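A.B. asks: Structure in structure tokens, see below.
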Amino acid sequence: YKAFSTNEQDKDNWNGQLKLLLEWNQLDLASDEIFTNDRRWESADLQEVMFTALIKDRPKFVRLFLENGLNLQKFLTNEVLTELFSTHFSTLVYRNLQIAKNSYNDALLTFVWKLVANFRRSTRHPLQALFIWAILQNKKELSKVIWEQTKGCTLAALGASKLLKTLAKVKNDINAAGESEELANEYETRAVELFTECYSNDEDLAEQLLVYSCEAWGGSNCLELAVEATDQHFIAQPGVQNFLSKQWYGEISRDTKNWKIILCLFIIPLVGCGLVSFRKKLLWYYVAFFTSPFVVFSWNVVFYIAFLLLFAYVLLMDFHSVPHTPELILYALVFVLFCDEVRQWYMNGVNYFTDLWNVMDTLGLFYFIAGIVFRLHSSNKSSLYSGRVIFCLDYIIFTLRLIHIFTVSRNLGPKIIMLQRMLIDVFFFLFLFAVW
Amino acid sequence: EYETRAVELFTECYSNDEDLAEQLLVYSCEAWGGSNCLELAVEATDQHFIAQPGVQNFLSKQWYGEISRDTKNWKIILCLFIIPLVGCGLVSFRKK
Amino acid sequence: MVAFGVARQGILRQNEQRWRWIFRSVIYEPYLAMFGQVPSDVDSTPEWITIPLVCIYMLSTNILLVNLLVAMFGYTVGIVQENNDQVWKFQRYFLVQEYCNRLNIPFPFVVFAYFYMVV
Amino acid sequence: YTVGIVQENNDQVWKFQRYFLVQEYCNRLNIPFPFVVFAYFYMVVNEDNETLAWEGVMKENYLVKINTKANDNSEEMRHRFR
Amino acid sequence: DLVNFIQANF
Amino acid sequence: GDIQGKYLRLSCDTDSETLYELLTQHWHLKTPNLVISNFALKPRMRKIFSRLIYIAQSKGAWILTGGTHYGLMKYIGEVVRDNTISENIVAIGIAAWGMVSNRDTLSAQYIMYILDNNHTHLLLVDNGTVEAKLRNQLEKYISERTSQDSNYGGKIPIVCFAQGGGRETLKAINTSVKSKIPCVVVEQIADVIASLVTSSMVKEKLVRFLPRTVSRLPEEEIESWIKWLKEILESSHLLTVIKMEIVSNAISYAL
Ligand SMILES: CCCCCCCC(=O)OC[C@H](COP(=O)(O)O[C@@H]1[C@H](O)[C@H](O)[C@@H](OP(=O)(O)O)[C@H](OP(=O)(O)O)[C@H]1O)OC(=O)CCCCCCC
Ligand SMILES: CCCCCCCCCP(=O)(C(C)C)C(C)C
Ligand SMILES: [Ca+2]
């Protein structure tokens, strides 16, 4: 640099000095010597230098350029982005992405794959595309620098964590997968801390941001990405739990005692004339009470208990070759349950079936309908016998289902999860037992 | 102390490169003790060394063989039970 | 247990229309199973289709029982793990106070003292 | 084995699972089953910038907080000595 | 109002 | 015309009392505090002014600037907008109407010298720098105002802020210091004043800090600059320099 500065022709050519410093990665020298108020710094003049710094993995120079009056939004043209995705995108990483897409497909990885294909063969959120490009190549500092400029910072962090986790589950190369996994954990921690601070500063705005859906970063919000990535740490934070509790109680006051709500539920008239203590006219109070999710869930469990009792009554004490009214009523009730189940299946069918309890409840319906079909045939005695036995099995499975309610209770919820894990292990243990 | 040194050195060696590390690990010297690194590690019950991600990856590659490491298991099971399906689809070999 | 009992009631006989035999039959299954010589063994003995499913679900009931029996101990271990040398010290205060604030007289002679308390 | 499995905490997994339970009712129509079928029949037949600016401000504050940790090092004392 | 005040100012 | 906060065109020969009455009667309240201020956006300069604007918001202080989209004032306006997005801050830009690249008569609309739209209020001088005299007169008059509610004894406090160089900066500093009440704070020229706090030292510092500005300036201009700097330093008990919660500390110490 000293030799080139004193050449009688390079003194005026500051661009050459900047190019050489970028090539040799001299940050402090460039900041102190060339970056000064002597001359203005236009974005167009610095565009080529910024591109070169991006190519050659120069994060600190990128940060310096961004600080010194560089508009990154205007720089990321479509032609530049497609050229960068096509030429400087390593073929090894593209092969790894193909492997992940073919084997470990996801609702998100398909989106980034389509975006990459579009930019490679030939946008709304250039910053998001650049951040994805930096992430896929496990560039840490550059990814952080690009993230600092993004709008959906926490959403971008969650998406990057999910993408890195699904990329690391591949096994073509261990080192890259481990690097991606550690980077994903780092970004998850960053998002958790940032949202914790965000909720501490304010409450309503944090909830609005959390529930807010962007201009199709990945077609999902922060909560959906967090749950899809199984980011238990992020969604277990006090702010998110408070938001969930507010949604669960609804218009009802969060701090009112539970037994008061139970008494109001059983006793309708007491609701509008006392201890309900709503958070927010009399008809408004009543409608708000009856629209609360918690009251709905309590009434639904009551109705389900009544349904099971009626099921026992009609499957045990009242049965004949000819139909009886309780049986027809039970048919309507089970049809209502089936309609609700199919409504559930209508949304995210694959992911809905991925759920554990979903498997059990979905399985129950087929057995019930088979038994109901078999019962109708009264001419054959054996068919009636088999149908009644199948109804008994149906009762067993429904009573097994009834246990799901305890999840709502703070003091009782973990026990059910422990039971599920114990089932998973004891299955194999008793398998060996039965073998020997 | 020497076990820790060897573990760290081979971890760095595998991080820098993969194929050469495996060749060195399986390589037999000019009769240092008539054995390779893996044989000595197992004989000494050096559970820490042989439990490292690089060694486990090498063992998994040996176990799966020419089959792709990342293909789903149920695909392999179906190909096993159904012979014709093997050559005309989802096997997805790593390497006529 | 009630679920499996009603299922057993259904398997045994199709229908029953008396509010006495049904309740006794249902209540018999728990004690029958627990005390070891459950009539269920006698109860077990197109049949080719019905029998295997019943046997499989009986095995399911047994494995569920084992699952609960082990999960109980699993949670007890977690609960007993935490220290109690601090909670007991806290509880000791109530025991000490109960006697310290009360009149220091045994019950066989407390009533007489209680009388003097009244006046 | 059960002891080993139950040893690990579940106060975090339960919180994660609670989200599905909350969503199931939040997204669904808020009507009990005994009257849901009727409702089911009737079923058959810009602003972002305001929140995003505050998000950016909080991000800047968080970056300041995370960067301030470097001040705890003796580098500042060494610079004063220099 | 405002226009008249501004005009009077200048 | 109302740019789309408020934008007015006041001639140079205007009464400061009239402007204050217009701004106070139906636009703004009494001011507990008032501060007046391609560029190097170093982290130190990026944080000092953020702290300054936060302090102004906390105290409800007026901020006076040139009001152009080119320079640090654009950064100040952007920070003001961001904080407002996050009890309102008051920012007034002052410039020459003729100096504006485009002029529209009106509620007219201005769409992109170029003036920033972030600043809430803007004033244009009809002379043909021509606004320095008006700003100095307004600052002196405000310092002449009495506000019992203000903690500052009697008069409303006023602080001058210096971050960059140029003949305009020295002229403004000299004009402000000529008034006893105003006090100056120093963040090229800033380094010169920091180093100085007779002719040889000032000349050496000026040459070191601004190699090109001194070269371009004639000898008479350099002598005038030295005279201004000597006059400013003679009243050093008012002027304060920041060492390269510090902004609040420095402002409080100066006041
Ligand atoms: C009746 C058949 C059998 C019913 C058995 C079914 C039992 C069942 O389903 O849950 C019982 C539940 C227990 O209440 P539970 O103490 O667990 O509720 C938690 C408790 O209030 C905590 O205090 C809260 O947090 P924290 O610890 O203070 O920090 C937490 O909310 P949050 O503060 O964290 O946001 C609360 O969730 O009480 C009911 O009434 C629910 C409606 C039951 C419907 C009953 C309808 C008759
Ligand atoms: C043949 C239809 C079987 C439907 C199985 C679905 C069971 C769900 C019952 P629930 O979800 C109630 C709130 C609807 C239980 C948790 C109280
Ligand atoms: Ca479900």
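Residue numbers start at 1 in each chain; chains themselves are named A, B, ... in the order of the structure tokens; ligands are numbered from 1 in the order shown.
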Per residue of chain C within 7 Å of chain D, note the shortest atom pair and the distance in Å to one decimal, counting only C-alpha atoms, and order the rows by chain and increasing residue number, as a tab-separated table.

C.D. replies:
residue	atom	partner	partner_atom	distance
C:70	CA	D:2	CA	6.9
C:71	CA	D:2	CA	6.9
C:74	CA	D:3	CA	5.0
C:75	CA	D:6	CA	6.5
C:77	CA	D:3	CA	6.7
C:78	CA	D:7	CA	6.0

A.B. asks: What residues have any atom no more than 8 Å from ligand 1 when counting only C-alpha atoms and all ligand atoms, and can you list them as a PyMOL selection string?

C.D. replies: chain A and resi 241-242+244-246+254-255+257-259+261-262+266+294-295+297-299+301-302+305+405-413

A.B. asks: Could you write out that same residue set with N, CA, C and O atoms as a short mmCIF file (atom, residue, chain, number, x, y, z; two decimals), in the first residue's frame?

C.D. replies:
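again-v2.cif written:
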data_model
loop_
_atom_site.label_atom_id
_atom_site.label_comp_id
_atom_site.auth_asym_id
_atom_site.auth_seq_id
_atom_site.Cartn_x
_atom_site.Cartn_y
_atom_site.Cartn_z
N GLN A 241 -45.77 -18.01 26.62
CA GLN A 241 -46.73 -18.70 27.46
C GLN A 241 -47.84 -17.76 27.93
O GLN A 241 -49.00 -18.16 28.00
N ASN A 242 -47.49 -16.52 28.25
CA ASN A 242 -48.51 -15.55 28.64
C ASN A 242 -49.45 -15.27 27.48
O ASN A 242 -50.67 -15.15 27.67
N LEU A 244 -50.19 -17.33 25.03
CA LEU A 244 -51.03 -18.51 24.89
C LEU A 244 -52.11 -18.55 25.96
O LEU A 244 -53.26 -18.91 25.68
N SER A 245 -51.76 -18.20 27.20
CA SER A 245 -52.75 -18.18 28.27
C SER A 245 -53.83 -17.14 28.01
O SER A 245 -55.01 -17.38 28.27
N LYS A 246 -53.43 -15.96 27.52
CA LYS A 246 -54.42 -14.94 27.19
C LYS A 246 -55.36 -15.43 26.10
O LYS A 246 -56.57 -15.20 26.16
N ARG A 254 -57.55 -13.03 33.31
CA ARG A 254 -56.50 -14.04 33.45
C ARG A 254 -56.32 -14.47 34.90
O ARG A 254 -55.97 -15.63 35.16
N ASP A 255 -56.56 -13.57 35.85
CA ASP A 255 -56.18 -13.79 37.24
C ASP A 255 -57.31 -14.29 38.12
O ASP A 255 -57.09 -14.52 39.32
N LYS A 257 -59.93 -16.73 39.97
CA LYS A 257 -59.79 -18.09 40.47
C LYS A 257 -60.63 -19.06 39.65
O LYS A 257 -61.70 -18.72 39.14
N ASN A 258 -60.12 -20.29 39.53
CA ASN A 258 -60.75 -21.27 38.65
C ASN A 258 -62.10 -21.74 39.19
O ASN A 258 -63.07 -21.87 38.43
N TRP A 259 -62.19 -22.00 40.50
CA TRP A 259 -63.45 -22.51 41.05
C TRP A 259 -64.60 -21.55 40.79
O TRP A 259 -65.74 -21.98 40.61
N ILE A 261 -64.94 -19.80 38.05
CA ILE A 261 -65.35 -20.08 36.67
C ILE A 261 -66.15 -21.37 36.61
O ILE A 261 -67.12 -21.48 35.86
N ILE A 262 -65.74 -22.38 37.39
CA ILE A 262 -66.47 -23.65 37.37
C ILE A 262 -67.89 -23.46 37.88
O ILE A 262 -68.86 -23.95 37.28
N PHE A 266 -71.40 -24.20 35.81
CA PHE A 266 -72.52 -25.04 36.22
C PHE A 266 -73.77 -24.21 36.48
O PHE A 266 -74.88 -24.63 36.14
N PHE A 294 -61.82 -21.50 27.04
CA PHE A 294 -61.76 -22.33 28.23
C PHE A 294 -63.13 -22.88 28.61
O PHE A 294 -63.27 -24.07 28.91
N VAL A 295 -64.15 -22.03 28.59
CA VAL A 295 -65.50 -22.49 28.87
C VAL A 295 -65.95 -23.50 27.83
O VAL A 295 -66.61 -24.49 28.16
N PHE A 297 -64.04 -25.58 26.17
CA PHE A 297 -63.35 -26.84 26.45
C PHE A 297 -63.98 -27.56 27.64
O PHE A 297 -64.16 -28.78 27.61
N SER A 298 -64.33 -26.82 28.69
CA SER A 298 -64.95 -27.44 29.85
C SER A 298 -66.31 -28.04 29.49
O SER A 298 -66.63 -29.18 29.86
N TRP A 299 -67.12 -27.28 28.75
CA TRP A 299 -68.42 -27.80 28.34
C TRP A 299 -68.26 -28.99 27.41
O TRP A 299 -69.07 -29.92 27.44
N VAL A 301 -65.76 -31.22 27.46
CA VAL A 301 -65.41 -32.41 28.23
C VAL A 301 -66.63 -32.93 28.98
O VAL A 301 -66.83 -34.15 29.10
N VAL A 302 -67.47 -32.03 29.48
CA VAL A 302 -68.72 -32.46 30.12
C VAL A 302 -69.59 -33.22 29.12
O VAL A 302 -70.12 -34.30 29.41
N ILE A 305 -68.18 -36.65 28.43
CA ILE A 305 -68.49 -37.59 29.51
C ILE A 305 -69.93 -38.07 29.40
O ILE A 305 -70.21 -39.27 29.56
N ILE A 405 -57.40 -34.73 28.24
CA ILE A 405 -57.79 -33.45 28.82
C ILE A 405 -56.75 -32.96 29.82
O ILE A 405 -56.51 -31.75 29.93
N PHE A 406 -56.11 -33.87 30.56
CA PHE A 406 -55.21 -33.48 31.63
C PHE A 406 -54.05 -32.61 31.15
O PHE A 406 -53.32 -32.07 31.99
N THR A 407 -53.85 -32.47 29.84
CA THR A 407 -52.78 -31.61 29.35
C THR A 407 -52.99 -30.17 29.78
O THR A 407 -52.01 -29.44 30.00
N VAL A 408 -54.24 -29.73 29.92
CA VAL A 408 -54.52 -28.34 30.26
C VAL A 408 -53.97 -27.97 31.63
O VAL A 408 -53.66 -26.81 31.87
N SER A 409 -53.85 -28.94 32.54
CA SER A 409 -53.47 -28.66 33.91
C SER A 409 -51.95 -28.54 34.02
O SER A 409 -51.21 -29.40 33.53
N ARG A 410 -51.50 -27.47 34.67
CA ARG A 410 -50.07 -27.29 34.90
C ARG A 410 -49.52 -28.39 35.79
O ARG A 410 -48.43 -28.92 35.54
N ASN A 411 -50.26 -28.75 36.84
CA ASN A 411 -49.77 -29.72 37.81
C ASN A 411 -49.82 -31.15 37.30
O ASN A 411 -49.15 -32.02 37.88
N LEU A 412 -50.58 -31.42 36.24
CA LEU A 412 -50.83 -32.79 35.80
C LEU A 412 -50.33 -33.10 34.40
O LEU A 412 -50.25 -34.28 34.04
N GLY A 413 -50.00 -32.09 33.60
CA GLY A 413 -49.66 -32.30 32.21
C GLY A 413 -48.45 -33.19 31.98
O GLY A 413 -48.49 -34.13 31.18
#

A.B. asks: Between atom CA of residue F:222 and atom CA of residue F:177, what is the distance in Å, rounded to a tenth?

C.D. replies: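 Atom-to-atom, atom CA of residue F:222 to atom CA of residue F:177, that is 19.4 Å.
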
A.B. asks: I'd like a table as CSV: residues in chain A with an atom no more than 10 Å from ligand 2, each row giving the shortest atom pair and its distance in Å to one decimal, only C-alpha atoms and all ligand atoms counted, sorted by chain and rising residue number.

C.D. replies:
residue,atom,partner,partner_atom_place_in_ligand_line,distance
A:296,CA,ligand 2,13 (C),8.3
A:297,CA,ligand 2,13 (C),5.8
A:298,CA,ligand 2,13 (C),8.0
A:299,CA,ligand 2,13 (C),8.3
A:300,CA,ligand 2,13 (C),4.8
A:301,CA,ligand 2,17 (C),4.3
A:302,CA,ligand 2,17 (C),7.9
A:303,CA,ligand 2,12 (C),8.0
A:304,CA,ligand 2,17 (C),5.9
A:305,CA,ligand 2,17 (C),8.1
A:331,CA,ligand 2,1 (C),9.3
A:333,CA,ligand 2,2 (C),8.4
A:334,CA,ligand 2,2 (C),5.1
A:335,CA,ligand 2,2 (C),7.0
A:336,CA,ligand 2,2 (C),7.8
A:337,CA,ligand 2,2 (C),4.7
A:338,CA,ligand 2,2 (C),4.9
A:339,CA,ligand 2,2 (C),8.5
A:340,CA,ligand 2,4 (C),7.9
A:341,CA,ligand 2,4 (C),6.5
A:342,CA,ligand 2,4 (C),9.8
A:357,CA,ligand 2,7 (C),8.9
A:358,CA,ligand 2,6 (C),8.3
A:360,CA,ligand 2,5 (C),8.0
A:361,CA,ligand 2,5 (C),4.5
A:362,CA,ligand 2,5 (C),6.8
A:363,CA,ligand 2,3 (C),8.5
A:364,CA,ligand 2,3 (C),5.7
A:365,CA,ligand 2,1 (C),4.0
A:366,CA,ligand 2,1 (C),7.5
A:367,CA,ligand 2,1 (C),8.1
A:368,CA,ligand 2,1 (C),5.8
A:369,CA,ligand 2,1 (C),7.3
A:394,CA,ligand 2,1 (C),8.4
A:397,CA,ligand 2,5 (C),9.0
A:398,CA,ligand 2,5 (C),6.8
A:399,CA,ligand 2,7 (C),9.5
A:400,CA,ligand 2,7 (C),9.7
A:401,CA,ligand 2,7 (C),6.2
A:402,CA,ligand 2,15 (C),5.5
A:403,CA,ligand 2,16 (C),7.2
A:404,CA,ligand 2,16 (C),5.1
A:405,CA,ligand 2,16 (C),4.9
A:406,CA,ligand 2,16 (C),8.6
A:407,CA,ligand 2,16 (C),9.1
A:408,CA,ligand 2,16 (C),9.8

A.B. asks: Need the shell around residue F:176: protein/DNA/RNA residues with any atom at most 10 Å away, counting only C-alpha atoms. Skip same-chain ones fewer than 2 positions apart. Format as a PyMOL selection string?

C.D. replies: chain F and resi 132+135-137+139-140+159-160+170-174+178-184+232

A.B. asks: Could the residues in this selection be written to a file with N, CA and C atoms, as a compact mmCIF listing (two decimals), in the first residue's frame?

C.D. replies:
# COMPACT_ATOMS: atom_id res chain seq x y z
N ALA F 132 -27.83 31.91 9.16
CA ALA F 132 -27.08 31.89 10.41
C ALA F 132 -27.50 33.03 11.32
N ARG F 135 -30.90 32.23 12.92
CA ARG F 135 -30.79 31.21 13.95
C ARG F 135 -30.15 31.76 15.21
N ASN F 136 -29.08 32.55 15.05
CA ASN F 136 -28.42 33.13 16.22
C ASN F 136 -29.35 34.08 16.96
N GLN F 137 -30.10 34.91 16.22
CA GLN F 137 -31.03 35.83 16.86
C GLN F 137 -32.12 35.07 17.61
N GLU F 139 -31.90 32.02 18.86
CA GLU F 139 -31.29 31.41 20.04
C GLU F 139 -31.09 32.43 21.14
N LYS F 140 -30.61 33.63 20.79
CA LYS F 140 -30.42 34.67 21.79
C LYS F 140 -31.75 35.08 22.42
N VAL F 159 -27.71 24.94 24.19
CA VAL F 159 -26.44 24.26 23.99
C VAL F 159 -26.15 24.20 22.50
N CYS F 160 -24.90 24.49 22.13
CA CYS F 160 -24.46 24.35 20.75
C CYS F 160 -23.62 23.09 20.60
N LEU F 170 -17.06 27.04 12.04
CA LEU F 170 -16.33 28.03 12.82
C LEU F 170 -17.11 29.33 12.93
N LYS F 171 -17.75 29.76 11.83
CA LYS F 171 -18.55 30.98 11.88
C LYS F 171 -19.69 30.85 12.87
N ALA F 172 -20.40 29.72 12.85
CA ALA F 172 -21.50 29.51 13.78
C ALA F 172 -21.00 29.48 15.22
N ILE F 173 -19.88 28.80 15.46
CA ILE F 173 -19.33 28.73 16.82
C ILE F 173 -18.95 30.12 17.31
N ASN F 174 -18.30 30.91 16.45
CA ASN F 174 -17.91 32.26 16.85
C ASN F 174 -19.14 33.11 17.14
N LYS F 178 -19.94 34.57 20.82
CA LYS F 178 -20.08 36.01 20.98
C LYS F 178 -21.19 36.34 21.96
N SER F 179 -22.26 35.54 21.95
CA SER F 179 -23.27 35.61 22.99
C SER F 179 -22.79 34.86 24.22
N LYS F 180 -22.81 35.52 25.37
CA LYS F 180 -22.27 34.92 26.58
C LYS F 180 -23.06 33.68 27.00
N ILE F 181 -24.39 33.75 26.94
CA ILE F 181 -25.21 32.67 27.48
C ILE F 181 -24.97 31.35 26.76
N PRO F 182 -25.01 31.28 25.43
CA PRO F 182 -24.84 29.98 24.76
C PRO F 182 -23.51 29.33 25.10
N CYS F 183 -23.53 28.00 25.19
CA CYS F 183 -22.35 27.20 25.44
C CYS F 183 -22.19 26.18 24.33
N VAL F 184 -20.95 25.78 24.08
CA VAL F 184 -20.60 24.94 22.94
C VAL F 184 -20.05 23.61 23.44
N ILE F 232 -12.75 32.06 20.46
CA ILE F 232 -13.53 30.99 21.07
C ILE F 232 -12.80 30.43 22.28

A.B. asks: For residue F:210, please output as a PDB file with N, CA, C and O atoms, in the first residue's frame all residues within 12 Å (counting only C-alpha atoms; exclusion window: fewer than 5 positions along the same chain).

C.D. replies:
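Final file, result_19.pdb:
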ATOM      1  N   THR A  36     -12.445   8.779   4.540  1.00  0.00           N
ATOM      2  CA  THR A  36     -12.362  10.061   5.222  1.00  0.00           C
ATOM      3  C   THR A  36     -13.286  11.046   4.523  1.00  0.00           C
ATOM      4  O   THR A  36     -13.705  10.836   3.382  1.00  0.00           O
ATOM      5  N   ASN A  37     -13.603  12.133   5.223  1.00  0.00           N
ATOM      6  CA  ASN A  37     -14.491  13.167   4.697  1.00  0.00           C
ATOM      7  C   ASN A  37     -13.859  13.990   3.580  1.00  0.00           C
ATOM      8  O   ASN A  37     -14.477  14.974   3.152  1.00  0.00           O
ATOM      9  N   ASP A  38     -12.666  13.639   3.094  1.00  0.00           N
ATOM     10  CA  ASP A  38     -12.050  14.412   2.020  1.00  0.00           C
ATOM     11  C   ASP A  38     -12.892  14.364   0.752  1.00  0.00           C
ATOM     12  O   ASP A  38     -13.063  15.384   0.074  1.00  0.00           O
TER      13      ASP A  38
ATOM     14  N   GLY F 164     -18.719  18.431  12.852  1.00  0.00           N
ATOM     15  CA  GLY F 164     -17.941  18.510  11.639  1.00  0.00           C
ATOM     16  C   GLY F 164     -17.157  19.808  11.546  1.00  0.00           C
ATOM     17  O   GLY F 164     -17.194  20.657  12.441  1.00  0.00           O
ATOM     18  N   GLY F 165     -16.441  19.940  10.434  1.00  0.00           N
ATOM     19  CA  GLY F 165     -15.617  21.096  10.163  1.00  0.00           C
ATOM     20  C   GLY F 165     -16.217  22.008   9.114  1.00  0.00           C
ATOM     21  O   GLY F 165     -17.417  21.967   8.820  1.00  0.00           O
ATOM     22  N   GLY F 166     -15.362  22.843   8.538  1.00  0.00           N
ATOM     23  CA  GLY F 166     -15.773  23.799   7.533  1.00  0.00           C
ATOM     24  C   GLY F 166     -15.872  25.210   8.091  1.00  0.00           C
ATOM     25  O   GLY F 166     -16.027  25.433   9.294  1.00  0.00           O
ATOM     26  N   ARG F 167     -15.781  26.185   7.183  1.00  0.00           N
ATOM     27  CA  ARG F 167     -15.862  27.583   7.593  1.00  0.00           C
ATOM     28  C   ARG F 167     -17.201  27.887   8.252  1.00  0.00           C
ATOM     29  O   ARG F 167     -17.277  28.719   9.164  1.00  0.00           O
ATOM     30  N   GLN F 188     -12.533  16.883  11.951  1.00  0.00           N
ATOM     31  CA  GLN F 188     -11.402  17.746  11.639  1.00  0.00           C
ATOM     32  C   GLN F 188     -11.330  18.916  12.614  1.00  0.00           C
ATOM     33  O   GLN F 188     -10.469  18.952  13.492  1.00  0.00           O
ATOM     34  N   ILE F 189     -12.250  19.869  12.458  1.00  0.00           N
ATOM     35  CA  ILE F 189     -12.249  21.051  13.314  1.00  0.00           C
ATOM     36  C   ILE F 189     -12.430  20.653  14.772  1.00  0.00           C
ATOM     37  O   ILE F 189     -11.819  21.243  15.672  1.00  0.00           O
ATOM     38  N   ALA F 190     -13.279  19.659  15.032  1.00  0.00           N
ATOM     39  CA  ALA F 190     -13.463  19.188  16.400  1.00  0.00           C
ATOM     40  C   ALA F 190     -12.135  18.746  16.999  1.00  0.00           C
ATOM     41  O   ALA F 190     -11.805  19.097  18.138  1.00  0.00           O
ATOM     42  N   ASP F 191     -11.353  17.979  16.235  1.00  0.00           N
ATOM     43  CA  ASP F 191     -10.032  17.577  16.701  1.00  0.00           C
ATOM     44  C   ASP F 191      -9.126  18.783  16.910  1.00  0.00           C
ATOM     45  O   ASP F 191      -8.326  18.798  17.849  1.00  0.00           O
ATOM     46  N   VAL F 192      -9.237  19.800  16.053  1.00  0.00           N
ATOM     47  CA  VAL F 192      -8.418  20.999  16.215  1.00  0.00           C
ATOM     48  C   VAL F 192      -8.702  21.654  17.561  1.00  0.00           C
ATOM     49  O   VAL F 192      -7.787  21.933  18.346  1.00  0.00           O
ATOM     50  N   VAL F 202      -2.237  26.618  16.852  1.00  0.00           N
ATOM     51  CA  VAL F 202      -3.488  26.610  16.100  1.00  0.00           C
ATOM     52  C   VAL F 202      -3.230  26.249  14.644  1.00  0.00           C
ATOM     53  O   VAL F 202      -3.958  25.444  14.051  1.00  0.00           O
ATOM     54  N   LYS F 203      -2.188  26.833  14.046  1.00  0.00           N
ATOM     55  CA  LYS F 203      -1.887  26.536  12.650  1.00  0.00           C
ATOM     56  C   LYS F 203      -1.538  25.065  12.467  1.00  0.00           C
ATOM     57  O   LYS F 203      -2.012  24.419  11.525  1.00  0.00           O
ATOM     58  N   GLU F 204      -0.712  24.518  13.361  1.00  0.00           N
ATOM     59  CA  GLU F 204      -0.315  23.118  13.246  1.00  0.00           C
ATOM     60  C   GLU F 204      -1.520  22.196  13.382  1.00  0.00           C
ATOM     61  O   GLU F 204      -1.681  21.247  12.604  1.00  0.00           O
ATOM     62  N   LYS F 205      -2.383  22.462  14.367  1.00  0.00           N
ATOM     63  CA  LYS F 205      -3.563  21.622  14.548  1.00  0.00           C
ATOM     64  C   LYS F 205      -4.486  21.708  13.339  1.00  0.00           C
ATOM     65  O   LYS F 205      -4.997  20.686  12.863  1.00  0.00           O
ATOM     66  N   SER F 215      -5.361  23.950   2.657  1.00  0.00           N
ATOM     67  CA  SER F 215      -4.701  24.175   1.375  1.00  0.00           C
ATOM     68  C   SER F 215      -5.564  25.031   0.457  1.00  0.00           C
ATOM     69  O   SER F 215      -5.062  25.954  -0.197  1.00  0.00           O
ATOM     70  N   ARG F 216      -6.864  24.739   0.392  1.00  0.00           N
ATOM     71  CA  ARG F 216      -7.749  25.514  -0.473  1.00  0.00           C
ATOM     72  C   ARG F 216      -7.928  26.936   0.048  1.00  0.00           C
ATOM     73  O   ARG F 216      -8.004  27.885  -0.740  1.00  0.00           O
ATOM     74  N   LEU F 217      -7.996  27.101   1.365  1.00  0.00           N
ATOM     75  CA  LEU F 217      -8.279  28.410   1.932  1.00  0.00           C
ATOM     76  C   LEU F 217      -7.125  29.373   1.652  1.00  0.00           C
ATOM     77  O   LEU F 217      -5.957  28.972   1.695  1.00  0.00           O
ATOM     78  N   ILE F 222      -7.235  31.798   6.444  1.00  0.00           N
ATOM     79  CA  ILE F 222      -6.580  31.089   7.539  1.00  0.00           C
ATOM     80  C   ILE F 222      -6.393  32.015   8.734  1.00  0.00           C
ATOM     81  O   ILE F 222      -6.618  31.619   9.884  1.00  0.00           O
TER      82      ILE F 222
END

A.B. asks: Contacts of residue A:2 at 12 Å or less, counting only C-alpha atoms, minus same-chain residues fewer than 2 places along, as JSON, numbers by chain?

C.D. replies: {"A": [4, 5, 6, 7, 10, 11, 17, 20, 21, 29, 33]}

A.B. asks: Applying 12 Å and only C-alpha atoms, which residues near residue A:114 remain after dropping the ones on its own chain fewer than 6 positions away? List them as a compact mmCIF listing (two decimals) with N, CA and C atoms, in the first residue's frame.

C.D. replies:
# COMPACT_ATOMS: atom_id res chain seq x y z
N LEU A 97 -28.27 -29.85 -0.97
CA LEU A 97 -29.64 -29.36 -0.95
C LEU A 97 -30.56 -30.29 -1.74
N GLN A 98 -30.08 -30.82 -2.87
CA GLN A 98 -30.88 -31.79 -3.61
C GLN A 98 -31.15 -33.03 -2.77
N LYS A 101 -33.76 -32.14 -0.16
CA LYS A 101 -35.07 -31.98 -0.77
C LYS A 101 -35.69 -33.34 -1.11
N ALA A 107 -42.20 -28.21 4.34
CA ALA A 107 -42.99 -27.12 3.79
C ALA A 107 -42.16 -25.87 3.54
N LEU A 108 -41.00 -25.74 4.19
CA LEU A 108 -40.12 -24.60 4.01
C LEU A 108 -39.00 -24.86 3.03
N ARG A 120 -31.39 -19.45 -10.29
CA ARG A 120 -30.29 -20.13 -10.96
C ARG A 120 -30.57 -20.31 -12.45
N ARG A 121 -31.80 -20.68 -12.81
CA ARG A 121 -32.14 -20.84 -14.22
C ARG A 121 -32.24 -19.49 -14.92
N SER A 122 -32.81 -18.49 -14.24
CA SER A 122 -32.98 -17.17 -14.82
C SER A 122 -32.89 -16.09 -13.75
N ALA A 129 -33.26 -13.40 0.28
CA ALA A 129 -32.53 -14.29 -0.60
C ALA A 129 -31.04 -14.26 -0.30
N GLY A 218 -41.51 -17.17 4.25
CA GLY A 218 -41.62 -18.58 3.96
C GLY A 218 -43.06 -19.04 4.02
